[PDB]
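As given, the protein sequences belong to chains A, B, C, D, E, F, G, H, I and J, one line each in that order. Our numbering puts the first sequence at residues 4 to 82. Our numbering puts the second sequence at residues -3 to 26. Our numbering puts the third sequence at residues 2 to 74. Our numbering puts the fourth sequence at residues 6 to 158. Our numbering puts the fifth sequence at residues 2 to 81. Our numbering puts the sixth sequence at residues 11 to 749. Our numbering puts the seventh sequence at residues 20 to 56. Our numbering puts the eighth sequence at residues 20 to 56. Our numbering puts the ninth sequence at residues 742 to 780. Our numbering puts the tenth sequence at residues 10 to 147. First the structure, in the form of structure tokens, and then the observations on it.
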Amino acid sequence: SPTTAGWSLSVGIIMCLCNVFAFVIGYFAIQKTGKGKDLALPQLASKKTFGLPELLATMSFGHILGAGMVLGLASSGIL
Amino acid sequence: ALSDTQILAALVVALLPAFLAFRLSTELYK
Amino acid sequence: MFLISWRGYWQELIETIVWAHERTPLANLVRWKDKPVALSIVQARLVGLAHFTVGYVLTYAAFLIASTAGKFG
Amino acid sequence: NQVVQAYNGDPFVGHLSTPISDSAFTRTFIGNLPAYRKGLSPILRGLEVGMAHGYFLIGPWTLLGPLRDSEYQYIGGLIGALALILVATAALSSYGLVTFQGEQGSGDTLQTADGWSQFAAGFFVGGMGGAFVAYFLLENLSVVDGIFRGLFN
Amino acid sequence: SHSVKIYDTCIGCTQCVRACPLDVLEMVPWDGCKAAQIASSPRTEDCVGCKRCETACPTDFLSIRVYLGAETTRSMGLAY
Amino acid sequence: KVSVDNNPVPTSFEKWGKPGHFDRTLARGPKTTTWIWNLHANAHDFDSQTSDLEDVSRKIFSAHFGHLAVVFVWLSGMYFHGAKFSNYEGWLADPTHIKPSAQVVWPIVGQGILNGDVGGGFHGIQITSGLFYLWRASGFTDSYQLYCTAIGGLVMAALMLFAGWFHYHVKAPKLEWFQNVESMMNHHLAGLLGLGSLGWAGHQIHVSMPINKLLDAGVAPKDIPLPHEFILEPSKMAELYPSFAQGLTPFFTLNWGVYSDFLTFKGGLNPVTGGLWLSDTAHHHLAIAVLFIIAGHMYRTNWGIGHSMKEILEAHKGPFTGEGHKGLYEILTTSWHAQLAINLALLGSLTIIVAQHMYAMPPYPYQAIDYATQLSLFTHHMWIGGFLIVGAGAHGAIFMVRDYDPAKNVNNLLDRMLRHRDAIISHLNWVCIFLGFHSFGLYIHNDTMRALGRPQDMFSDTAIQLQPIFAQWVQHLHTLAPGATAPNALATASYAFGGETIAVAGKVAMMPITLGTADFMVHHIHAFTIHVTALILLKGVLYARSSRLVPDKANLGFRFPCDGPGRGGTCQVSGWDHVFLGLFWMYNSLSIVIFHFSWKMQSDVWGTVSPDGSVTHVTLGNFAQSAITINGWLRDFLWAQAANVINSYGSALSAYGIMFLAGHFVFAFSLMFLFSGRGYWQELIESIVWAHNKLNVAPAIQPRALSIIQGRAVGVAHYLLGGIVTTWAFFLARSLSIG
Amino acid sequence: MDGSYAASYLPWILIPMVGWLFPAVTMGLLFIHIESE
Amino acid sequence: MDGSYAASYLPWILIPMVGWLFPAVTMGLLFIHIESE
Amino acid sequence: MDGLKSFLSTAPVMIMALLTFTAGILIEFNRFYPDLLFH
Amino acid sequence: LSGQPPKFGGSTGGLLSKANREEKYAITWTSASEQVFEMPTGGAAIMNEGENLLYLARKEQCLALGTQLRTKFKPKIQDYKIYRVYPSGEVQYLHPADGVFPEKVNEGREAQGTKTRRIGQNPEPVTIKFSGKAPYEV
Ligand code: CLA
Ligand code: CLA
Ligand code: CLA
Ligand SMILES: CC1=C(/C=C/C(C)=C/C=C/C(C)=C/C=C/C=C(C)/C=C/C=C(C)/C=C/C2=C(C)CCCC2(C)C)C(C)(C)CCC1
Ligand SMILES: CC1=C(C/C=C(\C)CCC[C@H](C)CCC[C@H](C)CCCC(C)C)C(=O)c2ccccc2C1=O
Ligand SMILES: CC1=C(C/C=C(\C)CCC[C@H](C)CCC[C@H](C)CCCC(C)C)C(=O)c2ccccc2C1=O
Ligand code: SF4
Ligand code: SF4
Ligand SMILES: [Ca+2]
């Protein structure tokens, strides 16, 4: 039974940050960012070169990375 | 102390720098 | 082995082995005078028959001679 | 950056120029074994091939033999090695008698009847000498241990 | 070498001369059939004995026969 | 991505009465009896009846649906037999004294003796599949639930039949639908394996965990709540597992540590049932579900995200392989035979992995109690896996002769494979001969040294010793694993590596499996036979196109007997005959594997633990000193353990004695087709035909003899049938005689 | 292998000769013979 | 020269090789090399 | 429907119907009069 | 024996020591278009523009190559010549021995290998006893 933290502002802060890092990795990594379904306000995402695909992909990878960070740092203790 | 087979493990590991040093020196000779 | 597997399999297997011998160092020195081929069709039918016969006779001679000499002297 | 070309620039010979078969180290090493070294008379290359195998064949019967659990442990290994070198040289000379009877050239001095006879003679001398020298080191193993450690120095 | 013999029952259907891998056979003119041709076996020292020529012959029993005999390098198909 | 053709073929009965409609060489009519065998051998060769790659794919799709209908009919039969004709209602109460029996026999000719006393007053054949342990692990309690599962399976079989008719006859998908393999693996990973594992994790959390924890506590099945009573009232599940009082709000906030009450990485075996815990089983399926669903979002699809297989393959080029894999995506997306080769290889290796894991980590309650189930399951899945690997070799050869054109792939991996076939087959010849001399020659050396009265010269553990030092080291690492290299694992992964003898109901569930020199020698026999099977099948795959002997094997086909008596005789040069020989070698390899398993568990694992703590084994440690000579295998294994199968007459196990002798008969009968040739049988059939002509009863369909490939095929089919039936009877009569 | 019978040294010398000298000599002569010319 | 440490046979074999086989082999190869062609 | 008529009339379906019929009458005769070693 | 060789990467299937001790076979064909063919030794190669010279070790490999040159290419290459070259040096000329392929009647060939009977009138081995012959060749 590895240690864990229930929920706090710290859990919310770190997973939004890992979502930001996943945004950076997705924009610097995905070959076809604008291709897919059409999107509302695409200038807000990456200036009409970003789709509903890469919305769910990048921040889904953010949730995977944040699950990794939350569980790993709570098991190591420091979170 | 140290084990008998750790020394032979170190020898067979150091067989890899031997091969890579031989190939680096051969490639420098060109 | 001789009765079930037939000559084509063994001939191409021996072709790979012949390549192995002719292309390896220090065994290129030794060369065959008679080119190795697989046993012929009728020849290996005969060889499988000889094996079947010899093993069959040796098994039964061993069994018959040890079963009676096991219980009668 | 292809490392597997065809053999010697010929794309229809049945060989590839792989890093094992046709490297520079393989050329300099396989091509400098006694069976392939340049300029040697067949007697010296047969002698050098023979000693490498007489010294080898001592071990298998010495450590794993019918006599390995007796006081004549090394004598049984030596006897087995002489038996194997005897049949090896008989096979070598029979191969020479068989293969080199039709007249051939002298591009290689080893692939001829006189050359193979010299090779077989050298192999016999080297094989029995290597077998007996490995027997002599193994029989006098206390001496070799003492001189490598310094028990007599 | 194997001997390939062609008999009178040949109908000149050319099936044997193109079923042959080594092209031992060839068609020569003839006057004994409607097709006015009969198979011959000129380069019969190149016959391996595969009997694809006998397999392709439609006439019954057989207008072409392969009679396996003294093996050579050419008639055993050895690349070595 | 979905485009279909509507009503491509009418649903009519008229083609049913005209057999051979599919193949143009059979549509004329039967002149001879070879037409029958060609009608059966070419019935599913969809890729030879036509060459469009679109209609063969539709034919394959609907054939898959019909096969799923067959599998669901069989599975409905299993569940219906467990419902009605079984003592599952009785075995569930007392699964330590009475034995499973899902098949009663009608008494007709005195075969009511096969209704042996299985326990509880029920009379029937004791089954050896782990169906009862499967249904106990999955939470079945009453026969009505099994009956509902059987009815649902029959409904789903009717649905698969309807779906096959739908997708061939009214709405068949186009070729571009099948060549969407990236979307296909997205759905097969995320939706088939991933959601299947997630659904089963949910079932195990909500049905298997409560029902099995109460059945472990000692509650009668009549007092067991129905599985939806743990859903309608989660208070009961809170009574059992205290972590269900918090709900899913720990899950969605990643407070996952509070689920360690039931989602635990406990490891080891449950001491009260002998199976794995369903705690780490449910946790395992949850982890597999998350990992598979994550991996199912890899390959590119309609959306720009994803990761296309073509560019992945083309990116992988090195110095040794030249042009690399650029050419392989067109291979596996334009040929069903390369797909069948890879899927058969991996399904066979998966079935063998299943066999090797379900003995050492028995996943079902009371599976390790009885040795019939364990031995039968290991043997069954070894045989299935070996058959599928031989099929992989077969369809590698079929792809090379049929669906491989070297125009579209020059100097890629497959070309460079074919350019050094002599080197591969050469070194595989050498390793087969090396292992056959140093794995069987050690057995012959031991057998001779034991015959000569020199037991100190043998390769025994009390002689010249060959210890498997690497496997012993790996066993040491896995014993020392759950403290250092797996900190949160409480117990070892399995007790096969080391630990404590797990004795439940007085019988050994799992104890450490020591590896002496006998195991060294048997494992090198395993390596040897696996290598020779790989040699035959790989030689068939490589040399399917052409050899130095017959340079035109590609246009003679795949099933051709020979090229002729020339070149010395090219009697078995096809790739099919390499499948034919690999079947014999697979039979040999897997029979040695299952003999090794059966003897090792009978001598070193299975047995009865006394209350004093001592363990006595079934054959009393024979394997250490007897499994190093061939006479020890013939005397202490085949002769000694067939006393249960040949003395079984006049009892319930007498069907296994009959099946034992039947397997011997079919082996000996197979030798007729294997040893003979077509010529003798054709000129004998001609004399029989004369006898029919003499009295005017000769058939219009001319009786040809079996063809050459037909004769070899029926010989190998009867050989494997006879050997597998003999071993099946021997194992299933030894095992019911040891508990 | 003690020999109680008469001339016990005779198997001592004839088992090596028939086991080795006869096979080695016979296969050597036949190997020269079948491969001559 | 007893060896109390682990693998005492290893200096027993490596002092002759580094003392003789490495010099004899290295000087032999270098003597063939510097005098080639 | 003449296709089911021509398919039920094929050699395997008719031989399996015939073998099932002969097996049925043999099994029924063994069910009613069980053990007939002789007259 | 004029012709640049095909662009082949080399293979283990090919010329063994039989080629340089006794005969090996050369197939020479001319094609306008560069394309890809399957060598009977295993693999795939590149047909050069114009003349090609492929050395093989068996006559069956050369005829199998020529067969796939004829049947597997839409611009059929039928001007292929198969030679038998010896290590001593001389070059024989084998497969289109006359002008035209063996399937076509050249009308100037000789009927050899032809028997004047069918198989029924073949002599029987009892008549030719200890004659050094066999029932076909009498
Ligand atoms: C995923 C499974 C898979 C699939 C669907 C295919 C599909 C196919 N294979 Mg097969 N194959 C596989 C597994 C598979 N195979 C395995 C595992 C083996 C190894 C044995 C092979 C070996 C193989 C060969 C060697 C050949 C094929 C061929 C074929 C094609 C036609 C089959 C046919 O007409 O047979 C129709 C069905 C039969 C003839 C039935 C056979 C009867 C069996 C063997 C005996 C009875 C078995 C039974 C359990 C015993 C009880 C019966 C009795 C005692 C009452 C088709 C592409 C052929 C092909 O394409 O070549 C051109 C071919 O020659 N297969
Ligand atoms: C007991 C029966 C038997 C035996 C001995 C063999 C033997 C062998 N088979 Mg096999 N085979 C069998 C039955 C048998 N098979 C049958 C029934 C079939 C099914 C059709 C086949 C199908 C077959 C195929 C398809 C293949 C083989 C191959 C092989 C070889 C594997 C290499 C090996 O094991 O090293 C040799 C080991 C032995 C021969 C056994 C050990 C015997 C001792 C150590 C040697 C004797 C000692 C000494 C020399 C005696 C000399 C005495 C002196 C007086 C002369 C080997 C020759 C494979 C092969 O050639 O691989 C390269 C191959 O591809 N087999
Ligand atoms: C049928 C004949 C036969 C006979 C007589 C022998 C006898 C022998 N075998 Mg052999 N064996 C045979 C067949 C035979 N084997 C076959 C067919 C097999 C294959 C399955 C084997 C497999 C086998 C193995 C694998 C081994 C034996 C070994 C042994 C020897 C055991 C004692 C020993 O260390 O000898 C030592 C060796 C010898 C006595 C050989 C004679 C060499 C000496 C130097 C005499 C030569 C004298 C001089 C140099 C030349 C004189 C010339 C002359 C004209 C005067 C024994 C002499 C063991 C052994 O040690 O072998 C070396 C053993 O390891 N045998
Ligand atoms: C290095 C190397 C290698 C190898 C290995 C080995 C391990 C080797 C072996 C080696 C050896 C194996 C050696 C041996 C040596 C020998 C010797 C050195 C001998 C000597 C001899 C002598 C001394 C003789 C003489 C004599 C006498 C004494 C008397 C009689 C006669 C005579 C005169 C002859 C390899 C391939 C891997 C590669 C890499 C590297
Ligand atoms: C194994 C095998 C081979 C391979 C066999 C070969 C290459 C020769 C086998 C002889 C080897 C060299 C071992 C010989 C040892 C024996 C004791 C024979 C001794 C020599 C006699 C004169 C006694 C075939 O060529 C073959 C051909 C047709 C059908 C089946 C088969 C077949 O099964
Ligand atoms: C006997 C034999 C024949 C003759 C075989 C014939 C004529 C086939 C006879 C088949 C009969 C009609 C039975 C057909 C199948 C049965 C219905 C199977 C019954 C099995 C049930 C118990 C399931 C060959 O043609 C042949 C060809 C090539 C190599 C070996 C042989 C060979 O050995
Ligand atoms: S196949 Fe027969 S019938 Fe036709 S041309 Fe040749 S020999 Fe004559
Ligand atoms: S046996 Fe074969 S190679 Fe010879 S002529 Fe007939 S078909 Fe041609
Ligand atoms: Ca001894």
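Every residue gets a Cβ at the ideal spot worked out from N, C-alpha and C, and that includes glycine.
Output the distance between the C-alpha atoms of residue i and residue j, rounded to the nearest integer angstrom.
| i | j | result |
| --- | --- | --- |
| F/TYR369 | F/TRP101 | 22 Å |
| D/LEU68 | E/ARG53 | 59 Å |
| C/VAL19 | C/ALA51 | 27 Å |
| A/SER49 | F/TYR269 | 40 Å |
| H/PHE50 | H/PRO42 | 11 Å |
| F/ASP467 | F/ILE535 | 21 Å |
| F/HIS588 | F/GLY406 | 11 Å |
| A/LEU42 | A/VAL73 | 31 Å |
| F/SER245 | F/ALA378 | 34 Å |
Name, please, each residue of chain E whose Cβ falls closer than 8 Å to the Cβ of residue i.
| i | result |
| --- | --- |
| F/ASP573 | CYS51 and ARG53 |
Anything in chain D within Cβ reach of residue i, meaning under 8 Å, just list it in chain order.
| i | result |
| --- | --- |
| H/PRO35 | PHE153 |
Anything in chain J within Cβ reach of residue i, meaning under 9 Å, just list it in chain order.
| i | result |
| --- | --- |
| E/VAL5 | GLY122 |
Please list, in chain order, the chain F residues whose beta carbon lies closer than 8 Å to that of residue i.
| i | result |
| --- | --- |
| A/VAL14 | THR263 and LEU264 |
Kindly list, in the order they appear in chain E, the residues whose Cβ is closer than 7 Å to that of residue i.
| i | result |
| --- | --- |
| C/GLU13 | The contacting residues do not exist; C/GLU13 stays about 11 Å from chain E at best. |
Just the chain F side, please: which residues come within less than 9 Å of residue i by C-beta, in chain order?
| i | result |
| --- | --- |
| C/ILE42 | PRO575, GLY578, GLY579 and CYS581 |
| D/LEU89 | The premise fails here: D/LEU89 is roughly 17 Å from chain F at the closest Cβ pair, so nothing lies under 9 Å. |
List the residues of chain C that residue i touches, going by C-beta distances under 7 Å, in chain order.
| i | result |
| --- | --- |
| J/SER26 | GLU23 |
Using a Cβ cut-off of 7 Å, pull out every chain F residue sitting near residue i, in sequence order please.
| i | result |
| --- | --- |
| D/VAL9 | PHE330 |
Is it true that the segment 538 to 558 of chain F meets the segment 438 to 447 of chain F, where meeting means three or more beta-carbon pairs spaced less than 8 Å apart? Counting C-beta pairs with one atom in each stretch, the segment 538 to 558 of chain F and the segment 438 to 447 of chain F have three or more that are closer than 8 Å, which means they touch.
Inter-stretch contact at 8 Å, needing at least 3 Cβ pairs: the segment 611 to 621 of chain F / the segment 409 to 425 of chain F: Result no; under three Cβ-Cβ pairs closer than 8 Å.
Below 8 Å, can you find three or more Cβ-Cβ pairs linking the segment 663 to 677 of chain F to the segment 732 to 740 of chain F? yes
With a cut-off of 8 Å, do at least 3 Cβ pairs link the segment 283 to 301 of chain F to the segment 196 to 208 of chain F? These segments touch.
Check whether the segment 467 to 479 of chain F and the segment 490 to 505 of chain F are in contact - that is, three or more C-beta pairs closer than 8 Å. At 8 Å Cβ cutoff, the stretches do not touch.
Quick check on the contact list: which residues have their beta carbon closer than 5 Å to a heavy atom of ligand 7? Proximity annotation: ligand 7 has residues E/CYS11, E/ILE12, E/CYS14, E/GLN16, E/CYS17, E/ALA40, E/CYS58, E/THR60, E/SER64 and E/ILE65 in chain order, each selected because its CB is closer than 5 Å to a heavy atom of the ligand.
I want to know whether the segment 158 to 165 of chain F touches the segment 119 to 126 of chain F - three or more CB-CB distances under 8 Å. no
Touch check for the segment 233 to 253 of chain F and the segment 215 to 222 of chain F: three-plus C-beta pairs under 8 Å? yes
Could you name each continuous beta strand (DSSP E) segment of 3 residues or more that falls completely within the segment 11 to 83 of chain J, going from the start of the chain to the end? 33 to 40 and 59 to 65
Counting only runs that start and end within the segment 20 to 50 of chain D, where is the alpha helix (DSSP H) found for 4 or more residues in a row? 29 to 35
Spell out a yes or no on whether the segment 39 to 55 of chain E and the segment 546 to 555 of chain F are touching, meaning 3 or more CB-CB pairs, one atom from each, closer than 8 Å. no
Between the segment 635 to 642 of chain F and the segment 655 to 662 of chain F, do three or more beta carbon pairs fall short of 8 Å? Judged by Cβ distances under 8 Å, the segment 635 to 642 of chain F makes no contact with the segment 655 to 662 of chain F, as fewer than three pairs qualify.
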